[PDB]
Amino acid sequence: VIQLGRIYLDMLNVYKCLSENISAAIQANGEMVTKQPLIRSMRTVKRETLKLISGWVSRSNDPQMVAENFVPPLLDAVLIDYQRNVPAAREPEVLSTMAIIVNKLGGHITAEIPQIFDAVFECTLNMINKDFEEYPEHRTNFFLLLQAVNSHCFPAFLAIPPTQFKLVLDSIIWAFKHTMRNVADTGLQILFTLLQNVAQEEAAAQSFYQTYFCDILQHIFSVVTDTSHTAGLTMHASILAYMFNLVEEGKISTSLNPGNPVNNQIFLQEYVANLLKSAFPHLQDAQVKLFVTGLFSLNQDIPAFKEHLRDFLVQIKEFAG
């Protein structure tokens, strides 16, 4: 019932003008500025403005209309302002607002994603991939946004520069490798969905597998291999089972190992075997082979697959402590 229609442009105008007031105060007096009562008020109005615009958009019922008339002026007021400002001055509500228009408009704004990523993707990433849990709110909204593009504007991932997509996977990997069991599971959730969306893009699926399949596999295993971290074992099994099943069912037509083009099954078996032999040279060769065989054997029974993994971590922990 929130109606912002008649003051919508007025709100964006106030937003842009307050942004400049904030920048100017920073370009002249540093970040300490951000603590002054009035600069805080200006930040608040920018923040609450996005929340209101977000709630207004999340309950509209004419996606094309919103996409053509409201989104353009919104991106004009928030994108470049977020990109060119010091981290201490970027409103995290800008990321959450993008996520909200994506979940609401999907395909109607897919063409807009590149423009949005160029403005908030890499700079936001550099703010959160720093171990130190600084900018926890941006980290949250970052993944809400990524989860949204992945869900309703998937094509955009192929649209952006391959080098940028590489960073997309890097943040996902970084996320499911995080100690905060909450972040890690959003990463695994994103990774699972992404792999499924990739399978729908038969045109580009092979390039993806060829480029990222083994990498992703290696990283997932590095996490399950890590002592004391049964956290998310369910999703690891879920993802691994899915990936192994793709190979067994011959969904990956390209030869993952272009070097020595053999069966992906044969290559994958050796590949995973080596990963494990390396991480644990103490492991008996024939037992590693049996463990890997079971990964394909149980690739369609997640609960069984999970237990299979669990048992193997005991055939390692016990051999240590």
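Counting begins at 1, following the sequence as shown.
Higher mean CA temperature factor between 131 to 139 and 109 to 117: 131 to 139, per the PDB entry. Between 238 to 246 and 194 to 202, the higher mean Cα B-factor belongs to 194 to 202. As recorded in the entry, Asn263 carries the highest CA temperature factor of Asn263, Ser41, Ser60, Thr49. Note on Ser54, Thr254, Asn69, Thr293: the highest value goes to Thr254, judged by CA B factor as recorded. When the modelled residues of the chain are ordered by their C-alpha B factor, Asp81 lands in the lowest third. Among the modelled residues of its chain, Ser228 has a C-alpha B-factor that falls in the highest third, as given in the PDB entry. Among the modelled residues of its chain, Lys177 has a C-alpha B-factor that falls in the highest third according to the deposited record. Looking at the C-alpha B-factors along this chain, the one for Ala159 belongs to the highest third.
Per the deposited record, the Cα B-factor of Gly187 falls in the middle third when ranked against the other modelled residues of its chain.
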